[PDB]
Amino acid sequence: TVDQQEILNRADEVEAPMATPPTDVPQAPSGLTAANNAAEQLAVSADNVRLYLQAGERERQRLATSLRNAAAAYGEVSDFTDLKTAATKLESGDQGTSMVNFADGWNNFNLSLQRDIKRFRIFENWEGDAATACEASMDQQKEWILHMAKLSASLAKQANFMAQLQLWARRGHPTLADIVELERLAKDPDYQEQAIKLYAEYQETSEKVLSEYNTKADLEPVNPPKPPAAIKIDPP
Amino acid sequence: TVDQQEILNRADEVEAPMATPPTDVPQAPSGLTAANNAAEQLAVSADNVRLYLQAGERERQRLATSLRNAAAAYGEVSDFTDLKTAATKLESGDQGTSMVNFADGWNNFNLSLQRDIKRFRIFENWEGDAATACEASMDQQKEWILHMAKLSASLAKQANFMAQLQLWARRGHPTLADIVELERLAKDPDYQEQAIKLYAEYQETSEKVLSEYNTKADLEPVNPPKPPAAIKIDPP
Amino acid sequence: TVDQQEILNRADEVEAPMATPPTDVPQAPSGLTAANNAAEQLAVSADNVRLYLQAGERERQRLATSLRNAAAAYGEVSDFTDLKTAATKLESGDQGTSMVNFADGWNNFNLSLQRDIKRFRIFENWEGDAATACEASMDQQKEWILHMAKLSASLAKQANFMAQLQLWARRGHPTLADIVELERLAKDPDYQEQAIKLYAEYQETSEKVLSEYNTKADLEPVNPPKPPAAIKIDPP
Amino acid sequence: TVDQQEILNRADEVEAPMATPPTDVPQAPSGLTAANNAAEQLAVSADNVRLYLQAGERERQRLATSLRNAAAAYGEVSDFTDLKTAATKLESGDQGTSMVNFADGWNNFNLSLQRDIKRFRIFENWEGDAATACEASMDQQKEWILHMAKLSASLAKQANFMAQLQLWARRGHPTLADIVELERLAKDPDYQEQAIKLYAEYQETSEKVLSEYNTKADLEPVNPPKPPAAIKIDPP
Amino acid sequence: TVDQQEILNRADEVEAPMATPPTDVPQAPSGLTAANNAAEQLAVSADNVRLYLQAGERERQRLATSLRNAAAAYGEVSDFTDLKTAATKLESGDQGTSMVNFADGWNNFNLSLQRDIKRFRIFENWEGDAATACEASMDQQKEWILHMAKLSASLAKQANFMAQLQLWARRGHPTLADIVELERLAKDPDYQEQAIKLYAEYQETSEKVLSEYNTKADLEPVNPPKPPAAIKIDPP
Amino acid sequence: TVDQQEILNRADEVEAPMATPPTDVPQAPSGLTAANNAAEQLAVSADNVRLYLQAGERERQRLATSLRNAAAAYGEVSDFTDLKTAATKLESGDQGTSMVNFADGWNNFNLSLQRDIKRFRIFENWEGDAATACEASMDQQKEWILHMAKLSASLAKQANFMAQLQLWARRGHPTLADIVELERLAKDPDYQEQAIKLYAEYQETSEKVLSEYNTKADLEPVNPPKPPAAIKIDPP
Amino acid sequence: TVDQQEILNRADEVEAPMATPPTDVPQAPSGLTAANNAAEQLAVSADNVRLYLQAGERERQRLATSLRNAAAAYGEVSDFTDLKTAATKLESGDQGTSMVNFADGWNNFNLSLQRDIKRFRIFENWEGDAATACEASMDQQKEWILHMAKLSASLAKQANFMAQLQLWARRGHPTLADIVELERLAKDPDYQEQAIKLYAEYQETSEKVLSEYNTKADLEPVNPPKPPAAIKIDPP
């Protein structure tokens, strides 16, 4: 006939908790202002993704309620200070370890969302109009979940990008020790022919690296779409 | 039953003031005419963004009013003068510090708008047609707010671009001191073989740098979309 | 109740004169035929923009009339002659100063149009169907004004482009003095081995520069869209 | 009241003759077959543009008639022979002067069409449904005229392109005199080591230049859109 | 009144024969298999274009009949054998002369179709609904004719492409005489150090040239659209 | 009157057999696994094309039946083993001859389909609604046939691509004989300085060639569209 | 008449089991974290594809049921530890053999799905509305199956990509043995001039290779579309 028990089991399965998203807060990789902006952009994007996940959770409760109603349809139930400032900022911070932890957490969440779309599979023994409509609704929830996983992945991708940017800038930029060297070796009045040249070259490379850093550390915000409305089935 | 108190609390939350946008006026980085044009373009774009923010504020008041009405639905409640002119203009101004302050303010505003979309989350305990319609309206307001944050970001991005352009032009262009040097060292009649060559090279590089400056300092205007109309719910 | 005085004040504000567009006529930067074509294209585009501005002015009068009617709804109220020709033309004219004056005027007009969209802001105290419709109409006028400002900007951009093209061609092309030199130094029969070589090189570079000049001096016409029709509100 | 005289004056203004298009027939720049094809393509495109201009003239008469009817609505009123052939063809013809005359004429026509859209401006003192409809019709005619001017411009652009192609090919291709030289200097049996090399190089460059010439001289046809139908207003 | 004679004259003009398309059959430029494929592709495309031209001819007869009916509405009326094979094929055939004759014929047809759209011009003295509809139908026929001319042009363009490909391959590929030379000079046992090197280089260049030849000689088919249906006007 | 005999003749012509597609099975050019995959992909694509050709044959029978009914409407009728493995596989197989036979067959089929669209030409003496509808149906069949010919061409193109890939890989990859040489010349303990270098270079080039081979030998599947449904005309 | 037996045979043919998809689980090619992520992404994508294949199987059962009903319609029926860590991870794992086994299995599945669309061919002897509708439904199932085969192919393609990435990284990155060498040869205090240079170069190349590895090992998820609903035919 009609297997109400299959429908009830599927209703409990569809609103079971999914994976818990990460909650760690990523810190700025360095002391540069663009780095702090990037870290704050990531934190805000993470908060917004968590918020929309709670919205999806509500949609799944409503879908489970509709399934239970559908089941009940059957039966009863030259000074160096600019260079020194740039270098000091660049070598401060944690150099990206918290970014990597952030990215790992969000990649894990990506994968664990992807593993959890079994709960939206089609029914074995249920058929008819209500079953078709509920399957369409579960399919929509599945699509939204996959989109959310993709957003989680893009979040982790941006965090990894920030970590690699920090490394690239750190090996492309004159060290604080090199700047202290160049300054002192400019305190002696025999090398000027060389030190002044080196100062100009450092100051060049520094402006160049920092311009690269400032533009590439401008992260896109992540806005999650709201989950599609669950199908509503009133109690009999 | 129906939690009117949740709706009233959400109505007060949705029309609470958001972050205040920055009001500082960015100055031209140099004395060049294109720089002044760019600064004025930025000032006008900032004014226009502030104006549309006031429009969005009105839409949020109307949305709060509609929520209060919906709640009441339940119960009672060769001369060097061209070179000298070019250099003098290029080294005048504040060299972009007010642009950087402008950009910082607008990036902060970007982030603080992004942090303030909690006020548009779905309802916990409210359901039905009015709740669905009000959620759709809040979702629209949220979308508009995110677009406005994106425009704020683009504003700050343009200001940062102007600051970097000023630096690039300043290290790519012969100094006023170098021009005074070249002129004087051309006042002595032994070096002509060299000074005339150097004059032509300077004048080349100067035209080149200034053409770059004039085209890249042509900033796009920013026109904000008007906020979507709030849903209207009449009093019972 | 309903503030008729706000509506009447807004009606007077919306049809107040806007900035006056520039009327100066840009001259050809040189004697080349493509330069004259470019100057005439600019003059025609400027005339067409001014014409459409008058159209927009009429639309704003009609909008003000509709607002006054809406207010009344409440209560009572080898020879060198080709080279010598090319050079002589290239060094004639004003070399682009009138183009720069033209561009400055049109950039100023761009900015002053952008500053004048306050007159289309939403109403504070007016609400209902007529207010919504009038706000939509003002929004349309605002959009058209911003498009017109963008066209003004593109006009100034083209004029600046012509000035820079004139400079580029002038420093890329052999001078009239250099051609007179090469000719005379070819009047003596000892240098032929050199002068004939130099003549061919000049004639090369000249064809090259003039082909560049002729294609890049082909300016797009500017056709302004007509302003959207104002909303019509009949007197009561 | 209603100014019939304004409408009648505008009716006479809208059907006044516009500029006369050029009628000169462009000749092939050289003797090459692709050049003759290009000249014939240009002649056909010019004929087709002139034909559609006559169509637009009829539409303007009909529009003027409709305006007069609308006014009456108010009151009473190794051998060298392949090289020698290629060179002989390339140096024949007029080398592009008639192309330049053609292009000048069509650029003048472009500009003079652009200057003649005043006749489609909105009305000062006429209003209502018929006025709106007639303004829409005049706007359509204006759009068609601007498109026709753009086509005229593209026609002149192609003619200029053909002239520049002729120059480019002429300075990129071995002269007839150089070929006669190479042949004769190959009649003496001491230089073969050199002349045979030079023959192969000429024959290379010649095939190369002629392939370039043949593909770039393949001109797009110009098909004018027919003018939009004038609005029809019957006599009262 | 109504000029029936104009309509009848236009009916005879519209169904007069147009230019006759060429009927010559293009031969393969060489003995290569890709060349034979290309020639057959061209022959088939030419046949298909001729077929659709006959279809258009029928549409013009029907249009003329409809015009006559509309008129009657008023009143009564290392071995070298792979190299030797490649070279022998490449130097066989007519080397592209029949391709050039084919292309000339089809370019002439292109132009003569373009010259023959006068027969679709608007009417001078005929007006009303039938005239508008017949003008729309003639306009459609004109559009189809222009598309057919464009297809004829593309046909000639492909034939010219094949001829140029044959030339390019012939001067890029080792001659049969050079291969006989290399073989014989490899029959003597003193040069091996050189001949074996040269054999490998030839065999390289030969594979390279033939791969180029085989891919570029893959011609697109030409499918003509069928002509739009003529408007049908029944006899009175 | 109405020529039924023309319709009956066209009905017999439209369902006459078309060309028979090739049935030969293409073998893998080498022993590489990607080559076997490519050959199997080609075999499957060929089978699928043959299947859809049978579908089109049924559609043509139905169209002929509809034509006969329409006619009846009138009257009565370092070890070297990875290198040795790679080389041994690369030099096995038939090196692409069966691919070339396959491609020839499918190109012939392409052309012979293109030659066989006469059977869908418009009618001479048949007119009216049924004739128009049957012509539209024949036009659709013609379009499908041209698409099928294009798919046949793409099939042959892929086979040719595989043959050229086999040649490219074979001359870009160290021979089995060269690998046996390098190994043995590494069996003697005097050359190591050289042989080890050569081994690394071979192993490099081999990985490089095989990666190229594996990615380019990944062939797209060919899915034919089903033929459009024939028009149905019931018997009178 | 109507061949019910053909329909019943086709119903049994359409729901016969298709090929069984592979079930092997691909392991990470190395010890890098991105490699583990890639392997897990592949495993999840494989699981999701298998799930949708089960969905398609249900659709084919329903289609077979509808066919049986349609049949019944007729009758009764400087330390080195970062380098040492990087190298140790890179050389761990199986270096991609399980990826290659995975890819082979999924390519086989691709091909075997492509070979199994005979079951959706059109009917020989069945005609009418039900036959047309069932053919459309089978065509849809065929389209879905081809899309699923394409997804299987993309799955195998990604696995092959991971294997090639592992090889590329392994020959682009300093060996663990080379790092042990460089460290020890830095334990002796005579070579520093060289070893320190080599350490910096290794550390460079290592960061470079690992950044490449981490970004290219970021695999797209594969989301299969759900199969189109089978046509429903109720029993008579």
# chains A, B, ... in the order shown; residues from 1 in each chain; ligands from 1
>>> residues_around(residues="residue 170 of chain F", least_positions_apart="4", cutoff="9 Å", atoms="only C-alpha atoms", output="PyMOL selection string")
chain F and resi 87+90-91+95+165-166+174-175
>>> residues_around(residues="residue 147 of chain B", least_positions_apart="3", cutoff="12 Å", atoms="only C-alpha atoms", output="count of residues only")
28
>>> interface_residues(of="chain D", to="chain E", cutoff="12 Å", atoms="only C-alpha atoms", output="PyMOL selection string")
chain D and resi 33-34+36-59+61-62+200+203-204+207-208+210-212+214-230+232+234
>>> residues_around(residues="residue 60 of chain C", least_positions_apart="4", cutoff="7 Å", atoms="only C-alpha atoms", output="PyMOL selection string")
chain C and resi 14-15+56+64
>>> select_by_dssp(residues="segment 15-232 of chain G", states="helix (DSSP H, G or I)", output="VMD selection string")
chain G and resid 33 to 72 81 to 90 97 to 114 118 to 120 129 to 172 176 to 185 192 to 216
>>> decode(residues="segment 130-173 of chain D", atoms="N, CA and C atoms", output="short mmCIF file (atom, residue, chain, number, x, y, z; two decimals), in the first residue's frame")
data_model
loop_
_atom_site.label_atom_id
_atom_site.label_comp_id
_atom_site.auth_asym_id
_atom_site.auth_seq_id
_atom_site.Cartn_x
_atom_site.Cartn_y
_atom_site.Cartn_z
N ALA D 130 -1.58 63.35 -29.51
CA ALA D 130 -1.04 63.47 -30.85
C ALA D 130 0.37 64.02 -30.82
N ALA D 131 0.62 65.01 -29.97
CA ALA D 131 1.95 65.57 -29.85
C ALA D 131 2.94 64.52 -29.35
N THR D 132 2.56 63.74 -28.36
CA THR D 132 3.45 62.69 -27.89
C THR D 132 3.75 61.68 -28.98
N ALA D 133 2.74 61.29 -29.73
CA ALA D 133 2.95 60.30 -30.77
C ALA D 133 3.82 60.84 -31.90
N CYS D 134 3.60 62.09 -32.27
CA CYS D 134 4.42 62.70 -33.31
C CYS D 134 5.85 62.90 -32.84
N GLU D 135 6.05 63.21 -31.57
CA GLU D 135 7.39 63.30 -31.04
C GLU D 135 8.08 61.95 -31.06
N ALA D 136 7.36 60.88 -30.73
CA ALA D 136 7.96 59.56 -30.82
C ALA D 136 8.34 59.23 -32.25
N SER D 137 7.49 59.60 -33.20
CA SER D 137 7.81 59.34 -34.59
C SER D 137 9.03 60.14 -35.05
N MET D 138 9.10 61.43 -34.69
CA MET D 138 10.27 62.22 -35.03
C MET D 138 11.53 61.67 -34.38
N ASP D 139 11.41 61.18 -33.16
CA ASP D 139 12.54 60.57 -32.50
C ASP D 139 13.03 59.35 -33.27
N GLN D 140 12.10 58.55 -33.78
CA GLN D 140 12.50 57.40 -34.58
C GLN D 140 13.21 57.83 -35.85
N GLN D 141 12.69 58.85 -36.52
CA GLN D 141 13.37 59.34 -37.71
C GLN D 141 14.77 59.83 -37.37
N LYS D 142 14.91 60.49 -36.23
CA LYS D 142 16.21 60.97 -35.80
C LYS D 142 17.16 59.80 -35.59
N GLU D 143 16.69 58.74 -34.96
CA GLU D 143 17.53 57.57 -34.75
C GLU D 143 17.98 56.97 -36.07
N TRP D 144 17.06 56.87 -37.02
CA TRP D 144 17.43 56.33 -38.31
C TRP D 144 18.45 57.21 -39.01
N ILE D 145 18.29 58.52 -38.91
CA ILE D 145 19.24 59.43 -39.54
C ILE D 145 20.62 59.28 -38.92
N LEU D 146 20.69 59.13 -37.61
CA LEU D 146 21.99 58.95 -36.98
C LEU D 146 22.63 57.64 -37.40
N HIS D 147 21.83 56.58 -37.53
CA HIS D 147 22.36 55.33 -38.03
C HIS D 147 22.87 55.48 -39.46
N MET D 148 22.17 56.25 -40.28
CA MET D 148 22.60 56.46 -41.65
C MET D 148 23.89 57.26 -41.71
N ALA D 149 24.04 58.23 -40.82
CA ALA D 149 25.28 58.97 -40.75
C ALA D 149 26.42 58.06 -40.35
N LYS D 150 26.17 57.16 -39.42
CA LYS D 150 27.18 56.20 -39.00
C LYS D 150 27.59 55.30 -40.16
N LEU D 151 26.63 54.90 -40.98
CA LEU D 151 26.96 54.11 -42.16
C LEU D 151 27.78 54.90 -43.16
N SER D 152 27.43 56.17 -43.36
CA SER D 152 28.25 57.02 -44.21
C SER D 152 29.67 57.11 -43.69
N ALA D 153 29.82 57.25 -42.38
CA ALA D 153 31.15 57.29 -41.81
C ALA D 153 31.90 56.01 -42.07
N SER D 154 31.24 54.87 -41.91
CA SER D 154 31.92 53.61 -42.15
C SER D 154 32.32 53.47 -43.61
N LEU D 155 31.51 54.03 -44.50
CA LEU D 155 31.86 54.04 -45.91
C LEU D 155 33.14 54.82 -46.15
N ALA D 156 33.22 56.02 -45.59
CA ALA D 156 34.43 56.82 -45.75
C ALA D 156 35.62 56.14 -45.10
N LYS D 157 35.38 55.49 -43.97
CA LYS D 157 36.44 54.78 -43.29
C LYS D 157 37.02 53.68 -44.16
N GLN D 158 36.16 52.92 -44.83
CA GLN D 158 36.64 51.89 -45.73
C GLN D 158 37.43 52.48 -46.89
N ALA D 159 36.96 53.58 -47.45
CA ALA D 159 37.72 54.19 -48.54
C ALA D 159 39.11 54.63 -48.08
N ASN D 160 39.18 55.25 -46.91
CA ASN D 160 40.48 55.64 -46.37
C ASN D 160 41.35 54.42 -46.14
N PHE D 161 40.76 53.34 -45.68
CA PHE D 161 41.49 52.11 -45.47
C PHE D 161 42.10 51.62 -46.77
N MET D 162 41.35 51.71 -47.86
CA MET D 162 41.88 51.27 -49.15
C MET D 162 43.04 52.14 -49.59
N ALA D 163 42.93 53.44 -49.39
CA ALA D 163 44.05 54.31 -49.74
C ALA D 163 45.30 53.97 -48.93
N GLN D 164 45.14 53.76 -47.63
CA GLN D 164 46.31 53.43 -46.83
C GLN D 164 46.88 52.08 -47.20
N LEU D 165 46.02 51.14 -47.57
CA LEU D 165 46.49 49.85 -48.03
C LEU D 165 47.32 49.99 -49.29
N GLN D 166 46.88 50.83 -50.20
CA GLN D 166 47.66 51.05 -51.41
C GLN D 166 49.04 51.60 -51.09
N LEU D 167 49.11 52.57 -50.18
CA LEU D 167 50.42 53.09 -49.82
C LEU D 167 51.29 52.02 -49.16
N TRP D 168 50.71 51.26 -48.25
CA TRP D 168 51.47 50.25 -47.53
C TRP D 168 52.03 49.21 -48.49
N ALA D 169 51.22 48.80 -49.45
CA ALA D 169 51.67 47.82 -50.41
C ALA D 169 52.73 48.41 -51.32
N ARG D 170 52.61 49.69 -51.63
CA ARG D 170 53.55 50.25 -52.58
C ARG D 170 54.92 50.41 -51.95
N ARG D 171 54.99 50.73 -50.68
CA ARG D 171 56.31 50.79 -50.09
C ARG D 171 56.76 49.45 -49.52
N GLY D 172 55.92 48.43 -49.57
CA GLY D 172 56.39 47.15 -49.12
C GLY D 172 56.77 46.20 -50.22
N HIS D 173 56.65 46.61 -51.47
CA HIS D 173 56.77 45.74 -52.60
C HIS D 173 57.86 46.24 -53.52
#
